[PDB]
Amino acid sequence: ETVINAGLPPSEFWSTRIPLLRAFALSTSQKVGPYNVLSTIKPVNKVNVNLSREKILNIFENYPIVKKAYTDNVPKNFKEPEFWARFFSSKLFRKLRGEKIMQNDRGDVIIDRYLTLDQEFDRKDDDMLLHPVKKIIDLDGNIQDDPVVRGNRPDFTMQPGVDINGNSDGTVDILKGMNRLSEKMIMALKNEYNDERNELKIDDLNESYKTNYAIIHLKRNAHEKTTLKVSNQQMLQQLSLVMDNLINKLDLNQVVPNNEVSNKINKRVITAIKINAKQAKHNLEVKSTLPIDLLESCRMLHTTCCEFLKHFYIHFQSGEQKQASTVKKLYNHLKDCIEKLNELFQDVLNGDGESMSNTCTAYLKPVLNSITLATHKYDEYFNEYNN
Amino acid sequence: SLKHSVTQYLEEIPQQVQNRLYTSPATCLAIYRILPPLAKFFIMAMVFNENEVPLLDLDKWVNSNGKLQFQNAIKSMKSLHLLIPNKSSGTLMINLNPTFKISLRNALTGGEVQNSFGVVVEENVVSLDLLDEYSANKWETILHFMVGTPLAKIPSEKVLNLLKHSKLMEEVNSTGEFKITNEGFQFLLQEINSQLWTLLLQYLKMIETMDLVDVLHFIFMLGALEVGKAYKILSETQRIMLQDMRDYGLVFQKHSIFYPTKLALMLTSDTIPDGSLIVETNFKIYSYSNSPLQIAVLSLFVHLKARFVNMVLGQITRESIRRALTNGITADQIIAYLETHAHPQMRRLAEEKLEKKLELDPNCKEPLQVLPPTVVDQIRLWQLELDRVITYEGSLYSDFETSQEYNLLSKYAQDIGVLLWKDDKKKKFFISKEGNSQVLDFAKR
Amino acid sequence: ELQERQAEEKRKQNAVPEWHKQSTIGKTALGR
Amino acid sequence: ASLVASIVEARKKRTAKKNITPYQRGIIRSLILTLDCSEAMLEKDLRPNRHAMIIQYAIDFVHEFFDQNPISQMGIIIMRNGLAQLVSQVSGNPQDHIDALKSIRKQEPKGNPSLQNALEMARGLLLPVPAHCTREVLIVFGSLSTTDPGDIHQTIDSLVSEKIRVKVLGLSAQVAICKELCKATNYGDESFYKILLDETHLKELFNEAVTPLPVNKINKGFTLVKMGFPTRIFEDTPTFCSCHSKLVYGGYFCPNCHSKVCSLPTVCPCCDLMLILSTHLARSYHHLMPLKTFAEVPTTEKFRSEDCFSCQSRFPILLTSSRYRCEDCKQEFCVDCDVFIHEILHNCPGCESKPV
Amino acid sequence: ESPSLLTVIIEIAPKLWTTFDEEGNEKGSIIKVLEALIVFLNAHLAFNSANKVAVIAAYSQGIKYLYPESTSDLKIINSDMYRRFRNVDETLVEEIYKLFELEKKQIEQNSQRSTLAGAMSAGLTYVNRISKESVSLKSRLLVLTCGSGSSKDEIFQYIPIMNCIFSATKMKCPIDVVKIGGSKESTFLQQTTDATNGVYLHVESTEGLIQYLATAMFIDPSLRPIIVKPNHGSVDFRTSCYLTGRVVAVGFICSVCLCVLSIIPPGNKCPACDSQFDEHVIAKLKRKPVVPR
Amino acid sequence: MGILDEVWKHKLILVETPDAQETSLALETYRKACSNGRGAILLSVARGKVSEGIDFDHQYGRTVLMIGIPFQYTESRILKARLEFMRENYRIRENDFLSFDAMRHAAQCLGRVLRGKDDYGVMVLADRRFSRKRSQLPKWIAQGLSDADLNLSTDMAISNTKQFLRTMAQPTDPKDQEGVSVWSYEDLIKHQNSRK
Ligand SMILES: [Zn+2]
Ligand SMILES: [Zn+2]
Ligand SMILES: [Zn+2]
Ligand SMILES: [Zn+2]
Ligand SMILES: [Zn+2]
């Protein structure tokens, strides 16, 4: 209603709805944090494993080799479902899962071709993580503190396990794999999107934190609301009179009225009750006599009129003279709305024979008064400024 | 039904007698309190103004929400004739009873009261030691006689005559004993307030020729009196009534001055727990009560086995239930007593059971049953056993010459509701003894 | 939705019969 | 001794209450309430479960918050599946937030929490807020781990630059990042990170957050805010409302554009002017002139009267005198009134009665 | 359906009635109020047998609970009336005599500030006491004030009076106010009635006061939802400026202290908390509306 | 077995490796993970490079899980010869020295978690053989070991740990430590006066 036929600029319409735009943007602009996707993948003859696009995307991000194989093969040789069925059966998934590879069992011929490539990525990733470390936790210097240290070499319990042939059993490789995975996850956090001294100090021994909140003292004084004093002798005499009346006796039966003010009192009380009862008798939208078609049209005209009023006030009270032209354009739009409001009343007057026109005019009286009042203020201020 | 019972009695009183009942402000102050809150509001408005107000003005006061109450209030107010409807000049003017209006004004304004509230001698006595014990014992003595438990002193013939003449405590000379009835068990169930009104309400109906108005001037005036105070001496009929009231544990007399009792003030308005008990699946009873009242009432339908200082233990048995049922006690009343006198522990677990029932399936709201369902079913089943054999008294009709006559006579009995059984094939039917004479007369005609 | 349906079926499998919901003494006795 | 044990414990409880000074507080608040709905919140440590109890207390908190902060605004965020989900925009209508919270009560919580996503969402929600409002974030954290897409430390630095204040309520134990967030964001104060120890303590923690937080001396944003006091009008026929565009019997008329509004306090839909009644401002005056606490009178001296000044409750004679006097007016009060005079009322009747 | 407590607050001051009698032709009208109240209190005690009564009088030098009398007799009323009514009325009048005697002794004392607010706060404390002590009772406050006497300043009375409204709204205790005097409207007391589901009534003539009490102020808390209140005036919930004393529809409030201001304070500094406003920020408000050149 | 998959859901897993540089990077990652609230678990060797100088004050260490007594490899010729020399010369029993050697390493790791007195952590010794080594632990550690904690089960250990962690999260009362655990200048003078 406000953009297509009314002609309000699209940019202006969004000025008052920034939070709605921002809330919707952040909903689709946020992503979950990194996590070990392959650990959640449990094979669980028939084995049923369930996958989702979110997990598929996570696998690529956490493991570029999978993306390298996926991108160059899915459109070329076979469909994606075969690929993931092929990937899981392969030893690459077992190696990427941090599980020892067994020479007894072989997985996928196609995927295994990338095993050597991974050995190249790991070395490239090792340099991607290698960097100088602070001397505080520099374990390399501890062993290099004495370069000529020569004692008794540690027993086999203090060294990586080996097989009968003397080569590594391979259990150390998975330990590095999990260590590399954790290091990559933390590094991924630190993307594009003096200190030692503080840490070594004992905070508990320092002075306790002291609050620095400000105090306020409020003086109290104000003027009285803006649109014959008895003397002491009179007080004593009047006080004496009441004491004599009270001490002597108290009269209760005299409280009965004269029956002339009671009728006036009853009329006055009922006079207020009728006014309150009239308001109280009509104190989900309320049922309306207007037909549904007419009522919906009135709401559309009310909503659009209010939207124009909202925009007019923001620019009118902006305080910058650069928007004078826009005010004129909005002022012309307001004039058109007034004509449209008048036209609807004329259309309803002839269409409904004044039966619904009176009811329709009341429903739009508050907005009509506001619209004409808004124009009057614009004209009054325009008159003084221009002339 | 406290006010309803009292209000119902006041309606049957003739309007000519109702006017006399409003002469004493003491009665008016109580009759003013019994009306609904909305009714009291309007009465206080009309009392002090000497004018006539149309009913439409009264309707304006009430909001649309309270329109229904305005119908009950006006109907109840008009029934007692306190509100006099006068129609003139095309308008249904509304006015209050002049005697009721004058009586209320005198009391509220401190005017002459004609000693409706009595006098004071300033001879106060100790109430807790004697008045509480005397009336509690006197009210307990009649209950022990009602319950049937032995007790040396028996109530005076005045109340005893009232009990037998009343539906309460049906008696038979041939049996030579007194037993409680269905309403008698209900009487024992009613709170002390209603428990006192029932006997008094029966007393109002029992009395004949002592004027009807005088009896009400005394009973209502009794509530106005304050316990622990002296009052000089009263109507001639009230003197014998005062002695009569002394038999009900309402007024205490030293032997010139009469002293009301705690029950007198309790008549106007209202005012671990004693009597609470636990029911197990073994039909056992463990009452955390130390009081003859709770013990006496429980023995009606419970076979007591032992007792301690703080609690009483017993076991429900078919014999005890059968004895209670033989007296006319309905199983519904028994369960009501148990449900309304349940221990808090039972209620808490029962609430948990309801919460658990709703927790598993919150769609349905099962009833909150404090005691295990099996007990209710078995008690109801025992009731069914007593109702197994059904027998009627009457006459059997047969040997009908024509089917039309058989259908005519049988149809006639059905119309008057005296037909108990019929068979078209055998052309026979049975009718109740009550309708025998009516059927025979129709047969002749 | 299937898991919710399965949960609903599981709840139904555990629900007690109707006659256990209410005490069926007033109703007509069981039989043909 | 049992009663005396309460008194000595009461004195210890009163020890903290002795130090009361009129610290400056920000009455105009803009709170963003963040709730944790993750797998860790399915535990049974809170009956029936953490999610159920937290939601139930959230409803109570909303009622209390708007009761004592009529001219504030609130926004609700939840954590689910490692993402922050908006369920209620910043608004002054207590019913809209309550309705949104009720709907959340149904869905079962699952997934992991993400502080960075929640903080970033809260950062954006508070961007379009005036400079005179106090931007606050309340987080009900139950998990012991956080999974975030970026660097949390950068977000913490941004929050401080934006002058936002963060309060965190934990369930199990202290998290190092949460302590840093509550400390770096509160000018180094460490009292804004609270860990509950039972169900009862949680209710107190929620109730404490209702009161406005004291402002820092070096943080000055003083200014005058243009407000309006509309006059209520009664109409014979229903008319369209300017806020919801529906037929209503009557509404308050703005004094700047005469547009009608269904209820207050709300921003005028036409001139964007805040409509508040005089009563709403009166609801916060007790935070600017708090009533001075009462000090018990020793039994050594002689008391004034045997009956309480305010409630006429006869003072129990019985050890320690059950009487508390007001320094300003020197009138003894019973223990009962002091609780009622400092929780319900905020004015000493004795001081008012004394003429000047 | 349930008992309700009536706490009548009566504001008696020698200055208030002296001006009322001088301007009018009613002498000893305080007795008329007292006797009318006695009947009204008796009427309230007759509406139910479980309803209590509390009377608090705001005299020149403070407040006192006339009823119930403190634990710490002349014949002023006939002894032939109802015992319960007399037990409340006789004590009420006896304490009145003592209250007047004390005021007369300290007549020379200069009492400049009224104590109406203090009495209402004290009554609320009594309401809190009685409500919690017995557990299942309602409450209702009735204010009998003589506004004929010119007041010095009601500004300080704003905070205590408006605070009592919230407390009454928390305990569901409607407070009704009846004002007898010249001014038709009391901006503060009227807001008290409307904000608490109360009734505001202004009457010029003291005679026939019982009719007002029995018809307007007799509406008990039990039947409030079904009875339409007879209040006729309409409140606007406005406050006076801090340096001009005129009602303001649109104005400025200091964020720090929340004090209303019709115009920008001189010196660009708040006159309540001594807070200086930024010149640039205030300049925004001072800016005139944008108009084409 | 699949235990690690469950651990990965809560905390990152870092493991000490024979390479020194790789281990140093693990510590850097472990410290970064603990600081940002991600949570991390470090698996190390009691007689390794980590235990000989690396500290875990406050956040980097909140619980110490000693998996078994770090007993040396008894079937070692070098060790067996060393034990014989001490027995003959210094009259030290073979069992006593072996237990002392193992405990001196277990305690070594225990002391790398507390910095100051505002620091807290739970130390669990997971071995049936620790039940009789209470007298061999350091005095300041033995004093904190209650008689009820000498032999606990896993389920009972978790309940106590949860209670302890909850208790340590409350604001400490300053008066409880004004002059009983921390001394100001004025308090120190008082102590010098009473002692003198
Ligand atoms: Zn609306
Ligand atoms: Zn506006
Ligand atoms: Zn008190
Ligand atoms: Zn004071
Ligand atoms: Zn200020």
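So the protein sequences, as listed, match chains 1, 2, W, 6, 4 and 0. Residues 197 to 240, 245 to 393, 413 to 446, 462 to 517, 536 to 639, numbered by the authors' numbering, are exactly what the first sequence covers, in order. Residues 5 to 213, 216 to 239, 242 to 263, 267 to 282, 334 to 507, numbered by the authors' numbering, are exactly what the second sequence covers, in order. Under the authors' numbering, the residue at position 28 of the third sequence is numbered 302, and the numbers go up by one with no gaps. Residues 96 to 413, 422 to 459, numbered by the authors' numbering, are exactly what the fourth sequence covers, in order. Residues 21 to 92, 106 to 168, 171 to 328, numbered by the authors' numbering, are exactly what the fifth sequence covers, in order. Under the authors' numbering, the residue at position 150 of the sixth sequence is numbered 706, and the numbers go up by one with no gaps. We put the beta carbon where it would ideally sit given N, CA and C, even for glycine.
Once the 5 residues before and after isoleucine 610 (chain 0) are set aside, which same chain residues still bring their CB inside 8 Å of it? Taking the first residue of the sixth sequence as position 1, residue 610 (chain 0) is located at position 54. Only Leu583 and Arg668 meet the Cβ criterion.
Touch check for the stretch 55-65 of chain 4 and the stretch 103-116 of chain 2: three-plus C-beta pairs under 8 Å? yes
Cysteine 451 (chain 6): CB within 8 Å of a non-hydrogen atom of ligand 7: Absence of ligand 7 is noted for the structure shown, with ligand 1, ligand 2, ligand 3, ligand 4 and ligand 5 being the only ligands found.
Would you report the Cα separation of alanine 217 (chain 6) and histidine 563 (chain 1), rounded to the nearest angstrom? The residue you call residue 217 (chain 6) lines up with position 122 of the fourth sequence. The residue you call residue 563 (chain 1) lines up with position 311 of the first sequence. Approximately 27 Å between the Cα atoms of the pair.
CA-CA distance, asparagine 302 (chain 6) and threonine 361 (chain 6)? Against the fourth sequence, residue 302 (chain 6) aligns to sequence position 207. Against the fourth sequence, residue 361 (chain 6) aligns to sequence position 266. Taking the straight line joining both Cα atoms gives about 24 Å.
Any 3 or more C-beta pairs closer than 8 Å across the stretch 360-379 of chain 1 and the stretch 427-446 of chain 1: no
Measuring from the CB of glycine 323 (chain 6), is there a heavy atom of ligand 2 at a distance below 8 Å? Walking along the fourth sequence from the start, residue 323 (chain 6) turns up at place 228. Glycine 323 (chain 6): yes, Cβ under 8 Å from ligand 2.
Which residues of chain 4 have a Cβ atom closer than 8 Å to the Cβ of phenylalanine 45 (chain 2), listed in chain order? Position 41 of the second sequence, counted from the start, is the residue given in the question as residue 45 (chain 2). Chain 4 residues near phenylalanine 45 (chain 2): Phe253, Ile254, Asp255, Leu258 and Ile262.
Would you say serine 183 (chain 4) and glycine 216 (chain 4) are within 9 Å of each other, going by their C-beta atoms? On the fifth sequence, residue 183 (chain 4) is found 148 positions in, with the first residue counted as 1. On the fifth sequence, residue 216 (chain 4) is found 181 positions in, with the first residue counted as 1. Closer than 9 Å, so yes.
Meets three-Cβ-pair contact criterion under 8 Å: the stretch 144-156 of chain 2 and the stretch 181-189 of chain 2: yes
Say yes only if the C-beta of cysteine 426 (chain 2) is nearer than 8 Å to one or more non-hydrogen atoms of ligand 3, and no if none qualify. In the second sequence, residue 426 (chain 2) corresponds to position 364, counting from 1. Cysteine 426 (chain 2) Cβ: outside cutoff for every heavy atom of ligand 3.
Helix, strand or coil at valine 620 (chain 0) [DSSP, three-state]: Numbered from 1 along the sixth sequence, position 64 holds the residue referred to as residue 620 (chain 0). Three-state DSSP puts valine 620 (chain 0) in a strand.
Distance, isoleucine 452 (chain 2) Cα to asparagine 469 (chain 2) Cα: Looking up residue 469 (chain 2) in the second sequence gives position 407. Looking up residue 452 (chain 2) in the second sequence gives position 390. For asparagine 469 (chain 2) and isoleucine 452 (chain 2), the distance between alpha carbons rounds to 26 Å.
Name, in chain order, the residues that DSSP records as bridge partners for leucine 179 (chain 4). Taking the first residue of the fifth sequence as position 1, residue 179 (chain 4) is located at position 144. Answer is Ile30 (chain 4) and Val213 (chain 4), bridged to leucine 179 (chain 4).
Neighbourhood of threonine 430 (chain 1) by C-beta, 6 Å cutoff - its chain only, sequence neighbours within 5 removed: Locating residue 430 (chain 1) in the first sequence gives position 211, where the first residue counts as 1. Taken in chain order, the list of residues that qualify is empty.
Quick one: any contact between the stretch 299-316 of chain 4 and the stretch 547-565 of chain 1, if contact means 3 or more CB pairs under 8 Å? no
Taking Cβ positions, are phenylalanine 324 (chain 6) and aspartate 271 (chain 4) nearer each other than 9 Å? If you number the fourth sequence from 1, residue 324 (chain 6) lands on position 229. If you number the fifth sequence from 1, residue 271 (chain 4) lands on position 236. A contact, by the Cβ cut-off of 9 Å.
Can you find a CB in chain 6 that lies within less than 9 Å of the CB of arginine 722 (chain 0)? On the sixth sequence, residue 722 (chain 0) is found 166 positions in, with the first residue counted as 1. It does: the Cβ of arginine 722 (chain 0) has a partner Cβ on chain 6 nearer than 9 Å.
Under 9 Å between C-beta atoms, does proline 360 (chain 1) make it to chain 0? Indexing the first sequence from 1 puts residue 360 (chain 1) at position 160. Interface residue, yes.
Going by other Cβ atoms of all chains shown within 10 Å of its Cβ, with 16 needed for buried, is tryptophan 696 (chain 0) buried or exposed? The residue labelled residue 696 (chain 0) in the question sits at position 140 within the sixth sequence. Per the 10 Å Cβ criterion, exposed.
Is it buried or exposed, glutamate 21 (chain 4), if we count other Cβ atoms within 10 angstroms and call 16 or more buried? For the purposes of this step, residue 21 (chain 4) is taken as residue 1 along the fifth sequence, with counting starting at 1. Classification for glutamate 21 (chain 4): exposed.
Can you find the residues in the same chain that come closer than 8 Å, C-beta to C-beta, to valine 563 (chain 0), ignoring five residues on each side of it along the sequence? Walking along the sixth sequence from the start, residue 563 (chain 0) turns up at place 7. Excluding sequence neighbours, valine 563 (chain 0) sits near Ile569 and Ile597.
Using the C-alpha atoms, what's the distance from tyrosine 288 (chain 6) back to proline 727 (chain 0)? If you number the sixth sequence from 1, residue 727 (chain 0) lands on position 171. If you number the fourth sequence from 1, residue 288 (chain 6) lands on position 193. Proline 727 (chain 0) and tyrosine 288 (chain 6): Cα-Cα distance of roughly 9 Å.
Pair within 9 Å by beta-carbon distance, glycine 229 (chain 1) and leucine 389 (chain 1): Counting from one through the first sequence, the residue named residue 229 (chain 1) turns up at place 33. Counting from one through the first sequence, the residue named residue 389 (chain 1) turns up at place 189. Going by C-beta atoms, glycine 229 (chain 1) is nearer than 9 Å to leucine 389 (chain 1).
With burial defined as no fewer than 16 other Cβ atoms inside 10 Å of the residue's Cβ, what is the status of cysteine 426 (chain 2): buried or exposed? Your numbering for residue 426 (chain 2) matches position 364 in the second sequence. It counts as exposed.
Every unbroken alpha helix (DSSP H) within the stretch 99-147 of chain 2, with a cutoff of 4 residues, ordered by chain: 102-112
For a quick check, are the C-beta atoms of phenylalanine 253 (chain 4) and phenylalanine 45 (chain 2) less than 9 Å apart? Counting from one through the fifth sequence, the residue named residue 253 (chain 4) turns up at place 218. Counting from one through the second sequence, the residue named residue 45 (chain 2) turns up at place 41. Result yes, Cβ atoms of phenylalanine 253 (chain 4) and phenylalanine 45 (chain 2) sit closer than 9 Å.
To the nearest angstrom, how far is the alpha carbon of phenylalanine 223 (chain 4) from that of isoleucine 196 (chain 4)? If you number the fifth sequence from 1, residue 223 (chain 4) lands on position 188. If you number the fifth sequence from 1, residue 196 (chain 4) lands on position 161. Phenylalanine 223 (chain 4) and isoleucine 196 (chain 4): Cα-Cα distance of roughly 8 Å.
Chain-ordered neighbours of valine 392 (chain 6) on chain 1, where CB pairs are closer than 7 Å: By one-based count along the fourth sequence, residue 392 (chain 6) stands at place 297. Chain 1 residues near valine 392 (chain 6): none, gap ~28 Å exceeds 7 Å.
Alpha helix (DSSP H) containing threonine 555 (chain 1): first to last residue? Taking the first residue of the first sequence as position 1, residue 555 (chain 1) is located at position 303. Looking at the DSSP string, the run of the alpha helix (DSSP H) that includes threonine 555 (chain 1) is 544-568.
Neighbourhood of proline 23 (chain 4) by C-beta distance below 6 Å, restricted to the same chain and skipping five residues each side: As a first step, residue 23 (chain 4) is located in the fifth sequence; it is residue number 3 there, counting from the start. For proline 23 (chain 4), where only same-chain residues beyond five positions count, the Cβ hits under 6 Å are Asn68, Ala70, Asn71 and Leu172.
Looking at chain 2, is there any beta carbon in it that lies within less than 9 Å of the beta carbon of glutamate 141 (chain 4)? Reading the fifth sequence from its first residue, position 108 is the one you call residue 141 (chain 4). False, the Cβ-Cβ gap to chain 2 never drops below 9 Å.
Distance CB(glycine 316 (chain 6))-CB(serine 290 (chain 4)) smaller than 9 Å: Reading the fourth sequence from its first residue, position 221 is the one you call residue 316 (chain 6). Reading the fifth sequence from its first residue, position 255 is the one you call residue 290 (chain 4). In this structure, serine 290 (chain 4) lies closer than 9 Å to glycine 316 (chain 6) by Cβ.
Sorry if obvious, but does the Cβ on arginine 162 (chain 4) come closer than 8 Å to a heavy atom of ligand 3? Mapped onto the fifth sequence, residue 162 (chain 4) falls at position 129. Because some heavy atom of ligand 3 lies under 8 Å away, the Cβ of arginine 162 (chain 4) counts as near it: yes.
Can you determine whether any heavy atom of ligand 5 sits closer than 8 Å to the C-beta of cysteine 305 (chain 4), and answer yes or no? Working through the fifth sequence from its first residue, we reach residue 305 (chain 4) at position 270. Yes, Cβ of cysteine 305 (chain 4) sits closer than 8 Å to a heavy atom of ligand 5.
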